[PDB]
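Engineer: Could you have a look at this structure, given as structure tokens, before my questions?
Cβ sites come from the backbone with ideal geometry, for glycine too, and all protein chains shown count toward neighbours. What follows draws every value from the coordinates through simple rules; no lab data is involved.
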Ligand code: SF4
């Protein structure tokens, strides 16, 4: 395919109002971006302009995001043979950041990088997270594409039938 | 070792390095000489 | 005395030839296909015993 | 791996020894390449760095096919090696040798007689053989002073 | 006129770095710190401030260059008037070029041009 | 007019010729040049690369305008991926394992 | 409990055309020209060299290596940082002009790696010395993984606003006292192999 | 054959102010490097003055020769002086400078009381026949070439001898 | 104060400003082109791709570099002098930009056909090494000091053969104006180029211009392997970009002076042969003729832009002593002999 | 026009150069002030050639010769400076008063 494909993928498009309307209507959004990156900041920047504070979460070492994000979770710091095994308990990340945000902030946006490595049920929970926490928006890079396109995360995870764009 | 005469290396001859190609040298020299002679002739002819 | 100028001539043409040889050797690589793997649009398939993340 | 295996009198099988010789010579080729690169960069030519890397990547590919990693192979073991050579490695290494001979001829055509390279290199760092012996030099440093001293042929 | 364009071009060429400096001043941030303002000496802490004091025999070509610049400046008007006049200016400038060659030979033989 | 200028052309014809030159230089030729740079990027010899770079050097004032409004990002392997969330019909007709310069032809790019 | 706290700040700015697009274009310009420091210390630098070479190209992202810190945006710390080198590394980072970015490549730069256990001079991670933006795990990380870390760094760079500039300037607090220590001149004075033959002293 | 009037006078005033600043920097700087760099500003302003009057060849000759001279001067001031000495910075004032300041002020006043009292425009209208150029010599550099080659032959070879002997003496004196 | 001629002169100042601004815009665009071309030629002869992601084919890479340097914090040395630090690169870029006033892209597409011509170009190009020395001294760095001294020595060595080579061409064309030189070449057409008549001056001019542009193998004041960055070691932000622009502008102006003085400029015709294409090209006059002349000048300039960009990435670099030896013992006597041969051949004309 | 102002500047330069010739504690600076004085003389010559000698250009030729002489002096010293620094390792001229 060509014509439209080889015509401007410029970053001056007026998709930003639709992007903000979608991120307000659909709380959890799957995002697809150029492989070399750097064309996501135009869309996250305006979210940060509305008072949203970003929490960067890597999905590779996420480790069962239910108890990692919404519960106190046990983690063992790495001993190198010089110490006995210690079991530390870490606070729920998204809730700690939520209760520690300033009162003027619009909310918290969870930027889940490399969300393709998560399974189906983990993406289900990541899509249904804003229902449990009202002031949380979920953005998850579920892949790469020539141009930035976003979909509801419930549609990708399988809660909503995948309507043709 | 500076005052010792047995420290001078004596191991024969090294493996010779590849020989050299000299034909393109003469070709380049002929090209430049012809260029200079053509310059002489052209300057004399065009000046008149 | 003339032999000095002649030797200067032959040790100058040689340098020009070898400079042209370097130019030719380098510019002959313009006719060859690139070896560059265009990451991240292209990824090299790892070996059967590549040591990466633990499972 | 040959310190302790000599301490414990462990023998090495002939196939493992041949694999070790092949890998050592390949590593010597790679080390001489990635010496030639920074050397010509310090002289002033940056293109030979990429030119050596074009073939050092092939050496890395051979090592990763055999050992599992480009560098830090963890392939040599006490009394042998980690694993046998994979299927289709001999022909790949032979084709690499055939290509690398041509690449080395290209390197010698580009660099060896260059007038600027010679005039930067021809008469720097003259080391006597006696000084090379006394200073404890070895390898290409000691061998470039009239001394035919290689520990591969001395120690068998 | 053929030289008002020269003055306008010189003014514009001088203005351009001023515009670049002003744009950098109003665009780039300032985050100065005592470690940042230290002189760069490849990581290590610089010793005494710079200064090299070359040898004289190295920098003796400059005294040749001063004279040769004047000679090449003097050769230009003769070349401009070589066609209007004839062999007279050829004979005139032949001595100039010969003196230039003799001075170059003297500098070569005395070791002024040796490093 | 003034003494010194002689036989100057009419302004309307000069304007028309300059307009057609600008039309060919700013919005016609830079697209063909950048397409000739994108296609046949790996098929160049030394002469073709030299002429490509010469044409880019000449027409760069017209290419600097079109370049922000063009993307040349490489396309997916299968010609069925309409969307990044789309799945291939059968994942066997794709061609995987493109080779490179030591062991590849121009077909592998 | 090592807790976290947000300080008191004002409202940002809000803009329609000029400031927002200017910030976006500045971010994009700093995306595509992240010139590395050419800082090499140990074995990982070899893989860094493999990213300068032909098979994996630095030039596709821009990313031309610049020797001087003043011309470098990104410092890509490749190699173990010993006690003898860590002050030099921190100077080199400080001498780089703002905005500047740090990528800790290698396991020895994240937490010390193999030397995290018994080395008596290896700094266990440059996060104790310099603020690291992107951590790159792996002993000789694959050059593609280095490009991925640089891609993630670009992902974070493009998200910047003008407010982040006042997050970057140092607060610069100081406190000066007398020490009554013993002041001694430098041991390495530069005198080496000069008049060596007269230094026998039987 | 000139710039517009107000532009010409403004350029005169501006280049004069720059020349005054450069000369004051020359005679007030302790560092020979700083005063040499001020001398370079003086050289550039004087070349611009030459371009202003009519001298398009003398300006280029001034730029070339005097730029070589200042580059050599900076090199030999670096080579023949103590440490870089940014702290020297406007050498101190003595009585021996104060008396000479008065003497030079008196000399400048004596010169300017003559310059301001002489009608320089009156002399121009008397030298009418000296300002009728030959119509064939359009290029001013062509006229300067013709009048250097024909009118001044003896100084043209005397300067060659002078340059050769100066080169020889500079090499012989400065050699180690 | 006449308000009839004052408005006319204001509009005239506008109509001389307009060529200056379009030339300046094209000059900065050309610096962008030279950066992109050098990167892509290096990638091609090193079997790489080059800039690919900043724009379609790396077209916006140099623009991204320029805007990054604009947004990069301006860093001043605390130990050194601020005024010399700020003045140096500005002087270099001014003295390099001043040489573009006399370059003709057509018979009348020249900003100023000054009869002093190429001599003024040499005079203004002599000034930049003073700016380099100023940058070296003001930075208060040993590497910067060495780079400044090396730049001064390089300019001193290679100013004279270039001057004599330009003098020989001016003697052949009997005029210092660039338009006169190009037309004198265009009298005899393709055989009338000074490249064939003056080969020795051609080679010496190439070598001297490469040394003055400080391109490799004459990149000693900025040699990255010997000094960290040379005189640019302590320079950050927009000033390094200025010292980069000035270098690429010097390369472009040297290539333009190569195609003007030694090649035929905008001329492309062979009168001694029945070349239908060349005759039809030369038969066009007007707007199209000027456009074709600009095209020909740009192509001939790109040839001697391609050659030194290759030269940087092929040869090793010289040494300071060998640079001085080449400048003072191989180029200067040869240029003197070329001038003598030019005068002897020109004796036949009168 | 106000062309006579150039003359004024030349006179100023002369006086300033004269001042810099006397209070010079560095012989390189004294050489530079000699260049300043010769430059003032050259400014006078060039503006007088503009005023009265538009055809013969005798003032311009004299300016060229004065520039040549100034460069010859600038070549002879600092070679004299080189000899002085090689023999005494000091440049300050007022400190050398042996011959008195
Ligand atoms: S990861 Fe650490 S130990 Fe391994 S090569 Fe890199 S720096 Fe050395």
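Engineer: With the checklist (1) more than 21 Å from residue E:32 (Cβ to Cβ); (2) surrounded by 20 or more Cβ atoms within 10 Å (Cβ to Cβ); (3) under 12 Å from the mean Cα position of the chain (by Cα) in hand, flag the one item residue G:127 doesn't pass.
Structural biologist: Status for residue G:127: all satisfied but (2).
Engineer: Among the numbered conditions (1) part of a loop (DSSP other than H, G, I, E, B); (2) farther than 23 Å from residue F:7 by Cα; (3) touching a residue at least 60 places away in the same chain (Cβ under 8 Å), tell me where residue I:273 comes up short.
Structural biologist: (3)
Engineer: Now for a different question. Evaluate the following for residue G:85: is it within 14 Å of chain E (Cβ to nearest Cβ), within 16 Å of the ligand (Cβ to nearest atom) and over 24 Å from residue A:78 (Cα atoms)?
Structural biologist: Values: within 14 Å of chain E (Cβ to nearest Cβ): yes; within 16 Å of the ligand (Cβ to nearest atom): yes; over 24 Å from residue A:78 (Cα atoms): yes.
The answer is yes for residue G:85.
Engineer: Output the residue which, of all residues in segment E:36-46 that are under 19 Å from residue G:41 (Cα atoms) and within 7 Å of chain G (Cβ to nearest Cβ), is surrounded by the most Cβ atoms within 10 Å (Cβ to Cβ).
Structural biologist: In this case the residue turns out to be E:40.
Engineer: Let me ask you something else. Tell me which residues, restricted to segment D:68-95, are under 13 Å from residue D:23 (Cβ atoms) and either outside any loop (DSSP other than H, G, I, E, B) or in contact with a strand residue (DSSP E or B) (Cβ under 8 Å, 6 or more places away or on another chain) (or both).
Structural biologist: Listed by number, the residues that qualify are D:75, D:76, D:77, D:80, D:81, D:82, D:93.
Engineer: Right, here's the next one. Checking the conditions here, which among F:74, F:82 is loosely packed, with under 14 Cβ neighbours inside 10 Å, facing another protein chain (nearest Cβ under 10 Å), outside any helix (DSSP H, G or I) and within 23 Å of the chain's Cα centre (by Cα)?
Structural biologist: Only one candidate qualifies: F:74.
Engineer: Given the conditions (1) without any contact (Cβ under 8 Å) to a residue 60 or more places away in the chain; (2) over 21 Å from residue E:42 (Cβ atoms); (3) in contact with a strand residue (DSSP E or B) (Cβ under 8 Å, 6 or more places away or on another chain), and given that residue G:16 satisfies all but one, which numbered condition is not satisfied?
Structural biologist: In the conditions (1) without any contact (Cβ under 8 Å) to a residue 60 or more places away in the chain; (2) over 21 Å from residue E:42 (Cβ atoms); (3) in contact with a strand residue (DSSP E or B) (Cβ under 8 Å, 6 or more places away or on another chain), residue G:16 misses (3) alone.
Engineer: Moving on. When you look at residue J:60, is it buried (at least 20 other Cβ atoms within 10 Å of the Cβ), in contact (Cβ under 8 Å) with a residue 12 or more places away in the chain and either over 19 Å from the mean Cα position of the chain (by Cα) or in a helix (DSSP H, G or I) (or both), yes or no?
Structural biologist: So residue J:60 fits the description; yes.
Engineer: Within the group E:25, E:33, which residue is touching a helix residue (DSSP H, G or I) at 6+ places or on another chain (Cβ under 8 Å) and surrounded by fewer than 16 Cβ atoms within 10 Å (Cβ to Cβ)?
Structural biologist: Numbers: E:25 fails: touching a helix residue (DSSP H, G or I) at 6+ places or on another chain (Cβ under 8 Å).
Selected residue: E:33, the only one of E:25, E:33 that is touching a helix residue (DSSP H, G or I) at 6+ places or on another chain (Cβ under 8 Å) and surrounded by fewer than 16 Cβ atoms within 10 Å (Cβ to Cβ).
Engineer: State which residue pairs qualify: first residue under 20 Å from residue C:50 (Cα atoms) and inside segment G:114-142, second residue part of a strand (DSSP E or B) and away from the ligand (no atom under 12 Å from the Cβ) in any location, beta carbons under 7 Å apart, and separation of 6 or more residues or different chains.
Structural biologist: Sorted first by the residue in segment G:114-142, then by its partner, the pairs are G:136/G:103.
Engineer: Quick check: anything in segment D:83-100 buried (at least 17 other Cβ atoms within 10 Å of the Cβ), more than 16 Å from the ligand (Cβ to nearest atom), free of Cβ contacts under 8 Å to residues at least 60 places away in the same chain and within 14 Å of chain I (Cβ to nearest Cβ)?
Structural biologist: no
Engineer: Looking at segment G:123-157 only, could you name the residues that are within 16 Å of the ligand (Cβ to nearest atom), part of a helix (DSSP H, G or I) and in contact with a strand residue (DSSP E or B) (Cβ under 8 Å, 6 or more places away or on another chain)?
Structural biologist: Residues satisfying the conditions are G:126, G:127, G:145, G:146, G:149.
Engineer: Hey, another quick one. Pick out the one residue from D:146, D:125, D:136 that is loosely packed, with under 13 Cβ neighbours inside 10 Å, within 13 Å of chain B (Cβ to nearest Cβ) and either over 21 Å from the mean Cα position of the chain (by Cα) or more than 30 Å from residue I:217 (Cα to Cα) (or both).
Structural biologist: D:136
Engineer: Please go through segment G:89-99 and give me each residue that is within 8 Å of another protein chain (Cβ to nearest Cβ), in a helix (DSSP H, G or I) and away from the ligand (no atom under 16 Å from the Cβ), ordered by number.
Structural biologist: Scanning segment G:89-99 gives G:90, G:91, G:92, G:94, G:95.
Engineer: What is the number of the single condition among (1) facing another protein chain (nearest Cβ under 7 Å); (2) surrounded by 11 or more Cβ atoms within 10 Å (Cβ to Cβ) that residue H:158 does not meet?
Structural biologist: Going through (1) facing another protein chain (nearest Cβ under 7 Å); (2) surrounded by 11 or more Cβ atoms within 10 Å (Cβ to Cβ) one by one, residue H:158 breaks only (1).
Engineer: Does segment H:79-91 contain at least one residue that is in a helix (DSSP H, G or I) and surrounded by 12 or more Cβ atoms within 10 Å (Cβ to Cβ)?
Structural biologist: Checked segment H:79-91: at least one residue is in a helix (DSSP H, G or I) and surrounded by 12 or more Cβ atoms within 10 Å (Cβ to Cβ).
Engineer: Tell me, yes or no, whether segment G:12-27 has at least one residue that is away from the ligand (no atom under 16 Å from the Cβ) and within 18 Å of the chain's Cα centre (by Cα).
Structural biologist: No - not one qualifying residue is present in segment G:12-27.
Engineer: Let me ask something additional. Would you mind listing the helices (runs of 4 or more DSSP H) fully within segment A:5-109 where at least 1 residues are within 11 Å of another protein chain (Cβ to nearest Cβ)? Steps first, please.
Structural biologist: Numbers: elements: A:16-25, A:41-49, A:65-69, A:93-99.
Answer list for segment A:5-109: A:16-25, A:41-49, A:93-99.
Engineer: Same structure again: With the structure loaded, tell me whether residue G:116 is more than 16 Å from residue G:72 (Cα to Cα), touching a strand residue (DSSP E or B) at 6+ places or on another chain (Cβ under 9 Å), within 16 Å of the ligand (Cβ to nearest atom) and at the interface with another protein chain (Cβ under 7 Å from one of its Cβ atoms) or whether it fails that test.
Structural biologist: Considered against the rule, which asks whether it is more than 16 Å from residue G:72 (Cα to Cα), touching a strand residue (DSSP E or B) at 6+ places or on another chain (Cβ under 9 Å), within 16 Å of the ligand (Cβ to nearest atom) and at the interface with another protein chain (Cβ under 7 Å from one of its Cβ atoms), residue G:116 comes out as yes.
Engineer: If residue J:66 satisfies all but one of (1) touching a residue at least 24 places away in the same chain (Cβ under 8 Å); (2) crowded, with 22+ Cβ neighbours inside 10 Å; (3) under 21 Å from residue H:158 (Cα atoms), what's the number of the condition it fails?
Structural biologist: (2)
Engineer: Would you be able to say whether some residue in segment G:63-70 is more than 18 Å from the chain's Cα centre (by Cα), assigned to a loop (DSSP other than H, G, I, E, B), away from the ligand (no atom under 16 Å from the Cβ) and away from chain E (no Cβ under 14 Å)? Write out each step before concluding.
Structural biologist: First pass over segment G:63-70, keeping only residues more than 18 Å from the chain's Cα centre (by Cα): none.
Within segment G:63-70 (the criterion being more than 18 Å from the chain's Cα centre (by Cα), assigned to a loop (DSSP other than H, G, I, E, B), away from the ligand (no atom under 16 Å from the Cβ) and away from chain E (no Cβ under 14 Å)), the answer is no, since none of the residues qualifies.
Engineer: Check G:171, G:199, G:180 and return the single one that is within 12 Å of another protein chain (Cβ to nearest Cβ) and either crowded, with 21+ Cβ neighbours inside 10 Å or away from the ligand (no atom under 16 Å from the Cβ) (or both).
Structural biologist: The conditions single out G:171.
Engineer: Hey, can you tell me all the residues within segment H:111-128 that are under 25 Å from the mean Cα position of the chain (by Cα) and assigned to a helix (DSSP H, G or I)? Let's see the steps before the verdict.
Structural biologist: To start, the set of residues in segment H:111-128 that are under 25 Å from the mean Cα position of the chain (by Cα) comprises H:111-121, H:123-124.
If the condition is that a residue be under 25 Å from the mean Cα position of the chain (by Cα) and assigned to a helix (DSSP H, G or I), then H:111, H:112, H:113, H:114, H:115, H:120, H:121, H:123, H:124 are the ones that fit.
Engineer: I've got another one for you. Could you tell me which of the residues G:54, G:42, G:3, G:33 is more than 14 Å from chain E (Cβ to nearest Cβ), in a loop (DSSP other than H, G, I, E, B) and within 16 Å of the ligand (Cβ to nearest atom)?
Structural biologist: Exactly one residue qualifies, and that residue is G:42.
Engineer: Which condition number in (1) under 18 Å from the mean Cα position of the chain (by Cα); (2) at the interface with another protein chain (Cβ under 7 Å from one of its Cβ atoms); (3) touching a residue at least 40 places away in the same chain (Cβ under 8 Å) is the one that residue H:64 fails?
Structural biologist: Evaluating residue H:64 over (1) under 18 Å from the mean Cα position of the chain (by Cα); (2) at the interface with another protein chain (Cβ under 7 Å from one of its Cβ atoms); (3) touching a residue at least 40 places away in the same chain (Cβ under 8 Å) leaves (3) as the failure.
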